[PDB]
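> Quick one, fold the following:
(chains A and B, ligands or ions: 1)
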Amino acid sequence: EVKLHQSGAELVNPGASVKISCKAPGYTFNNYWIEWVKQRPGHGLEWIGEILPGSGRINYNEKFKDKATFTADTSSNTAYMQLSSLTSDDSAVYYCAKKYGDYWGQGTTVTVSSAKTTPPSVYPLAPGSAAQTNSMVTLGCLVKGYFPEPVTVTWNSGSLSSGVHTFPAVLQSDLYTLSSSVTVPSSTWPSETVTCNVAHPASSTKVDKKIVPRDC
Amino acid sequence: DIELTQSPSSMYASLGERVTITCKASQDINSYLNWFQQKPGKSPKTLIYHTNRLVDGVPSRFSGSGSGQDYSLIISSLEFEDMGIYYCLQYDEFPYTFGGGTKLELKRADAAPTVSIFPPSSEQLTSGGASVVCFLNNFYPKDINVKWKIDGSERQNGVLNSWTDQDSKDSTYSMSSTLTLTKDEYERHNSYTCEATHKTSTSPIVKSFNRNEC
Ligand SMILES: Oc1ccc2ccc3c4ccccc4cc4ccc1c2c43
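Numbers count the residues shown, from 1 in each chain, chains lettered A, B, ... in the order given. Find the structure here:
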């Protein structure tokens, strides 16, 4: 799948800077150019520049000349890209890639915003008492009012992965809302319990919510 | 900059059909043209470099061709795992540049959505909000309309929608629609309804509950 390892998501104020790492393991770090690419949602891909670690050779796209700064450290097989005087046109996913074969990082999301970090509220979605007894039942989690992205959502700590749709977050004002559904056999719920797990690393929050049938 | 225009900008094709997408450069790029595949929420992956060379492990159904300004990527027999967005890149002159991408979506049998409505949790009502959620899952094709009704009357503000990309298992699409009110608003009405209208029927699929029960 992905062969290079990038640093994690970042929330940074407008005007400030971030430094993203790209780790490239292997004995030949100085033999390969590292490319840096920008992707804003809805837009396509865009080339930022490249660096050849250990050579003093670097090529910038003109458009990012004063925005990106590339360095590399050869003893740790790690390339860096600093992005400076950030504005909201800089909010995007950034990738690094070797200039050879299929060697891409997982990407690094950057959010340029001075909005406040806010933990989510996690709400269960259990079927109404207008209870439809087809042979499958759908349950859900609403994950509301958080900032920044991402949260990760799982079901029974990862053990339940079939029947799951986790929907992209939507940004309303300066807060995200996201929902996840899971569909399971009717015979098996509620007797075999279903719990949603939500992690919001930016607020150092984790919430677990058992989906319980509605009472009265 | 060299400009790359990809055509078509999106495509539908069935399992086993041949597929051809094109990349046109604004000047001669002397065969320095790569192709990448990007799936929803994943990183890009390198398929073809220098017009027509396969990266190791790339399946044989892929090939590339072209010269001067006109390049193509060809899939000889389409597989379900070939869904995604395809990008060309030229490396003849700095700055290197990508095309705008071609989205490739897989055909399949029509399928109505499975629609579920959920009242607000009692937990959320304690904070003074009330979100009503409607899931429209595993439908094809992607085009769908969701309409919310409070006591028989259409409602449009406070509604937030989110679509999935094409499912990697069954090639369907899903959607989530959340109607957010205040608890005060929510407690004043009785009947809440989401109506989905999809290509498969001229009757909307209607799902609703009455606040008066648990
Ligand atoms: O000649 C080449 C052989 C393999 C390549 C693999 C990846 C990339 C690449 C990836 C991201 C951004 C720009 C890139 C440019 C090249 C250019 C040549 C090349 C390869 C490239």
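
> tell me, how many neighbours does the residue nearest to residue B:107 when sequence neighbours are not counted end up with?
For residue B:107, ignoring the flanking residues on the chain, the nearest one in space by C-beta to C-beta, 6 or more residues apart in numbering or on different chains is residue B:14 at 4.3 Å. Where C-beta positions appear, they are placed from N, C-alpha and C, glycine not excepted. Other residues within reach of residue B:14, judged by other C-beta atoms under 10 Å in any protein chain shown, total 10.

> Could you report the distance from residue B:14 to the ligand?
30 Å (C-beta to the nearest ligand atom, to the nearest Å).

> and that residue, what are its phi and psi?
phi -90, psi 160 (degrees, to the nearest 10).

> same question, residue B:210
The phi/psi pair for residue B:210 (degrees, to the nearest 10) reads phi -110, psi 130.

> ok, now which ones touch it?
A:130, B:190-192 (C-beta atoms under 8 Å, 6 or more residues apart in numbering or on different chains).

> near the ligand, which of those show up?
Checking the contacts of residue B:210 against the ligand by C-beta under 6 Å from any ligand atom, not one of them is in range.

> Now, of those, which are buried?
Neighbour counting by 16 or more other C-beta atoms under 10 Å in any protein chain shown classes residue B:192 among the contacts of residue B:210 as buried.

> can I see the domain layout of the chain?
Picking chain A for this. Chain A breaks down by curated CATH domains into domains covering A:1-114, A:115-213.

> hm, I was asking about chain B
B:1-108, B:109-211.

> With respect to residue A:61, which of these lies nearest?
domain B:1-108 (3.8 Å; C-beta to C-beta).

> Between its first and last residues, how far does the closest one reach?
40 Å (C-alpha to C-alpha, to the nearest Å).

> Distance from it to the middle of the chain?
19 Å (C-alpha atoms, centre = their mean, to the nearest Å).

> same thing with stretch A:135-147?
19 Å.

> Helices of the chain, start to end?
Using chain A. Assigned by DSSP state H, chain A shows no helices.

> switch to chain B, that's the one I care about
Under DSSP H, chain B gives helices at B:122-126, B:183-188.

> Identify the residue nearest the geometric centre of the chain.
I went with chain A, as the question did not name one. Computing the C-alpha centroid of chain A and ranking residues by C-alpha atoms, centre = their mean puts residue A:150 first, at 5.3 Å.

> oops, I was thinking of chain B
Centre-most residue of chain B, counting by C-alpha atoms, centre = their mean: residue B:165, 3.2 Å.

> Can you lay out the domains of chain A as CSV showing distance to residue B:198?
Converted to CSV, the domains of chain A look like this (distance: least, C-beta to C-beta, whole Å):
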stretch, distance to residue B:198
domain A:1-114, 25
domain A:115-213, 17
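
> between those, which one is nearest to residue B:69?
Of all the domains of chain A, domain A:1-114 comes closest under C-beta to C-beta, at 19.1 Å.

> Do the closest one and chain B come into contact?
Yes - applying C-beta under 8 Å from any C-beta of the partner chain, one finds domain A:1-114 in contact with chain B at A:1-2, A:35, A:37, A:44-47, A:59, A:61-63, A:95, A:97, A:101-107.

> circling back to that earlier point, how about the helices of chain B in a markdown table, adding mean neighbour count?
Output for the helices of chain B, formatted as a markdown table (neighbours: other C-beta atoms under 10 Å in any protein chain shown):
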| stretch | mean neighbour count |
| --- | --- |
| helix B:122-126 | 14 |
| helix B:183-188 | 14 |
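
> just so I know, which of these lies nearest the ligand?
Closest approach to the ligand among those (C-beta to the nearest ligand atom): helix B:122-126, 44.4 Å.

> Alpha carbons only: can I get the closest one in PDB?
Extracted in PDB, the C-alpha atoms of helix B:122-126 (Å, rounded to 0.1, in the frame of the first residue of the first chain):
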ATOM      1  CA  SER B 122     -32.100  11.600  24.800                       C
ATOM      2  CA  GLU B 123     -28.400  12.400  25.600                       C
ATOM      3  CA  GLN B 124     -28.400  15.100  22.900                       C
ATOM      4  CA  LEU B 125     -31.700  16.600  24.200                       C
ATOM      5  CA  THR B 126     -30.100  17.100  27.600                       C
END
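
> what's that helix in contact with?
By C-beta under 8 Å, 6+ apart, helix B:122-126 touches A:121, A:123-124, A:142, A:144, B:130-131, B:183, B:186.

> Residues in a beta bridge with the residue in chain B that the ligand sits nearest to, which ones?
In chain B, the residue that lies nearest the ligand is residue B:49 (3.6 Å; C-beta to the nearest ligand atom). Beta-bridge pairing for residue B:49 (DSSP bridges): residue B:53.

> Next: residue A:198.
With DSSP bridges as the rule, residue A:198 is bridged to residue A:153, residue A:207.

> show me the contacts for it.
Here residue A:198 is in contact with A:120, A:122, A:141, A:143, A:151-153, A:206-209 (C-beta under 8 Å, 6+ apart).

> related to what we said a few turns ago, how far away is the residue nearest to residue B:107 from residue A:110?
Between residue B:14 and residue A:110 the computed distance is 39 Å (C-beta to C-beta, to the nearest Å).

> Please apply the same query to residue A:146.
In terms of C-beta to C-beta, residue A:146 sits 18 Å off from residue A:110.
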